[PDB]
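Visitor: Take this structure first; my questions come after.
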Amino acid sequence: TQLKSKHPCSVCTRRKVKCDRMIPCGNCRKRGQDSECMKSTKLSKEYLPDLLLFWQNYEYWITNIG
DNA sequence: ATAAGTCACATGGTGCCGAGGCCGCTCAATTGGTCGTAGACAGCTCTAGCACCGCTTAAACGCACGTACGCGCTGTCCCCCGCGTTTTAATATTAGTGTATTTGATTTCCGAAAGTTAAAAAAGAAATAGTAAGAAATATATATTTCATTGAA
């Protein structure tokens with residue numbers, strides 16, 4: 001779930017009958033609109049570890065050598 | 001006779017404090033207006049529950065008889081109370097921790113409210129099957145006829 005804000009959907013704060021706290025929003029999923037979710041603040045992970053693996057090769061061939 | 005100087009004397013004026021009066025600020029209470037809404041009021045037509053009466057009889061009252069249980073008497077036995085003397089925790093006094101409720105603040109939740117809108121359904125008509133009564137089909141028992149056979153006119 002990864003809930004760290006516990007703050008309601010800003011577009012959904014208008015009619016805040018429920019708040020499922022799901023990403024992007026349970027109310028938006030009921031509403032079927034992800035674009036409206038992006039318009040608000042509203043507080044993708046498998047590429048960071050491979051890039052860190054790649055960093056070791058980068059700093060050896062740029063900073064140390066070259 | 002008078003200008004100038006002395007001495008006291010009576011009053012003018014300026015200043016902070018005290019007491020009374022007015023005013024503004026705020027909060028609560030009260031009342032009038034207003035308008036959506038509901039209740040009183042006629043008004044009408046309909047169910048519907050008494051008055052009567054016949055009647056048929058199930059039920060009820062009355063008189064007489066008796067015996068099944070209510071109570072009274074008398075024994076005999078168990079059976080809580082009454083003291084007397086030991087035991088034993090209730091109980092009031094501090095007290096300390098560690099829960100356990102309560103109050104503000106807030107912030108995210110949940111349903112009253114209003115407006116459309118579609119489904120459940122209610123009434124009425126038609127189909128159809130259940131059931132009872134009637135008529136026909138038929139199986140069966142019995143009389144009747146006819147022929148054969150064997151004994152009488």
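Ligands are numbered from 1 in the order shown, chains are lettered A, B, ... in the order of the structure tokens, and residues start at 1 in each chain.
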Could you list, as a ChimeraX atom specification, the residues of chain A having an atom within 9 Å of chain B when counting only C-alpha atoms (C1' of nucleotides)?

Guide: /A:7-8,16-19

Visitor: Restricted to N, CA and C atoms, what would the selected residues look like written as a compact mmCIF listing (two decimals), in the first residue's frame?

Guide:
```
# COMPACT_ATOMS: atom_id res chain seq x y z
N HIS A 7 -3.59 11.72 3.30
CA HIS A 7 -4.30 12.93 2.93
C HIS A 7 -5.26 12.66 1.78
N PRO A 8 -6.47 13.20 1.83
CA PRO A 8 -7.49 12.82 0.85
C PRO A 8 -7.21 13.37 -0.54
N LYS A 16 -16.03 13.91 -0.63
CA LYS A 16 -15.17 12.94 0.07
C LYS A 16 -16.01 11.94 0.86
N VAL A 17 -16.82 11.17 0.13
CA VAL A 17 -17.62 10.13 0.76
C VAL A 17 -16.72 8.99 1.25
N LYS A 18 -15.68 8.66 0.49
CA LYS A 18 -14.78 7.57 0.83
C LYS A 18 -13.36 7.97 0.45
N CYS A 19 -12.39 7.22 1.00
CA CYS A 19 -10.98 7.43 0.67
C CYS A 19 -10.28 6.09 0.84
```

Visitor: Using only C-alpha atoms (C1' of nucleotides), determine which residues lie at most 10 Å from range 20-30 of chain A, disregarding the query and same-chain residues fewer than 2 positions distant; provide the list as a list in words.

Guide: residues 1, 2, 3, 4, 5, 6, 7, 8, 9, 11, 12, 15, 16, 17, 18, 32, 33, 34, 35, 36, 37, 38, 42 and 43 of chain A

Visitor: Let me see the file: selected residues, C-alpha atoms, as an mmCIF file, in the first residue's frame.

Guide:
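Output (selection-v2.cif):
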```cif
data_model
loop_
_atom_site.group_PDB
_atom_site.id
_atom_site.type_symbol
_atom_site.label_atom_id
_atom_site.label_comp_id
_atom_site.auth_asym_id
_atom_site.auth_seq_id
_atom_site.Cartn_x
_atom_site.Cartn_y
_atom_site.Cartn_z
ATOM 1 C CA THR A 1 0.000 0.000 0.000
ATOM 2 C CA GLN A 2 2.808 2.388 1.010
ATOM 3 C CA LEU A 3 0.723 5.093 2.695
ATOM 4 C CA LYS A 4 2.809 7.944 4.113
ATOM 5 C CA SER A 5 0.547 11.003 3.663
ATOM 6 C CA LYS A 6 -2.956 9.828 4.683
ATOM 7 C CA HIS A 7 -4.300 12.930 2.935
ATOM 8 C CA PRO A 8 -7.490 12.823 0.852
ATOM 9 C CA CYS A 9 -7.775 13.114 -2.918
ATOM 10 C CA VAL A 11 -10.162 16.534 -6.524
ATOM 11 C CA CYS A 12 -12.065 14.031 -4.375
ATOM 12 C CA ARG A 15 -17.158 14.895 -2.537
ATOM 13 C CA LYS A 16 -15.173 12.943 0.068
ATOM 14 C CA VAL A 17 -17.618 10.128 0.764
ATOM 15 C CA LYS A 18 -14.780 7.572 0.827
ATOM 16 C CA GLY A 32 -12.185 6.108 -13.756
ATOM 17 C CA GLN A 33 -10.009 9.212 -14.189
ATOM 18 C CA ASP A 34 -6.236 9.168 -13.706
ATOM 19 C CA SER A 35 -5.648 12.534 -15.407
ATOM 20 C CA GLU A 36 -7.598 14.363 -12.692
ATOM 21 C CA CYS A 37 -5.418 12.643 -10.083
ATOM 22 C CA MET A 38 -2.268 14.017 -11.732
ATOM 23 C CA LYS A 42 -0.925 13.217 -4.574
ATOM 24 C CA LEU A 43 2.326 12.656 -2.645
#
```

Visitor: Among chain A, which ones does DSSP place in alpha helix (DSSP H), written as a PyMOL selection string?

Guide: chain A and resi 26-31+35-39+47-59

Visitor: The selected residues should be written to file as an mmCIF file, in the first residue's frame (atoms: C-alpha atoms).

Guide:
```cif
data_model
loop_
_atom_site.group_PDB
_atom_site.id
_atom_site.type_symbol
_atom_site.label_atom_id
_atom_site.label_comp_id
_atom_site.auth_asym_id
_atom_site.auth_seq_id
_atom_site.Cartn_x
_atom_site.Cartn_y
_atom_site.Cartn_z
ATOM 1 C CA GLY A 26 -9.542 4.354 -5.009
ATOM 2 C CA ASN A 27 -12.128 7.080 -5.565
ATOM 3 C CA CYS A 28 -10.467 7.977 -8.876
ATOM 4 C CA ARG A 29 -10.521 4.295 -9.836
ATOM 5 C CA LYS A 30 -14.241 4.373 -9.065
ATOM 6 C CA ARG A 31 -14.354 7.641 -11.021
ATOM 7 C CA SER A 35 -5.648 12.534 -15.407
ATOM 8 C CA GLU A 36 -7.598 14.363 -12.692
ATOM 9 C CA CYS A 37 -5.418 12.643 -10.083
ATOM 10 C CA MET A 38 -2.268 14.017 -11.732
ATOM 11 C CA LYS A 39 -3.611 17.580 -11.478
ATOM 12 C CA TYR A 47 15.690 0.513 -12.778
ATOM 13 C CA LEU A 48 17.524 2.074 -9.825
ATOM 14 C CA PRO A 49 19.384 -1.117 -8.723
ATOM 15 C CA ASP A 50 20.608 -1.936 -12.236
ATOM 16 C CA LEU A 51 21.789 1.653 -12.711
ATOM 17 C CA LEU A 52 23.733 1.472 -9.441
ATOM 18 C CA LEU A 53 25.357 -1.689 -10.800
ATOM 19 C CA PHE A 54 26.229 0.358 -13.893
ATOM 20 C CA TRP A 55 27.686 3.233 -11.849
ATOM 21 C CA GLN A 56 30.779 1.241 -10.861
ATOM 22 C CA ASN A 57 31.721 0.849 -14.525
ATOM 23 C CA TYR A 58 31.063 4.552 -15.154
ATOM 24 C CA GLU A 59 33.325 6.021 -12.468
#
```

Visitor: Please, what distance in Å, to one decimal, runs between CA of residue 13 in chain A and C1' of residue 105 in chain B?

Guide: 20.5 Å
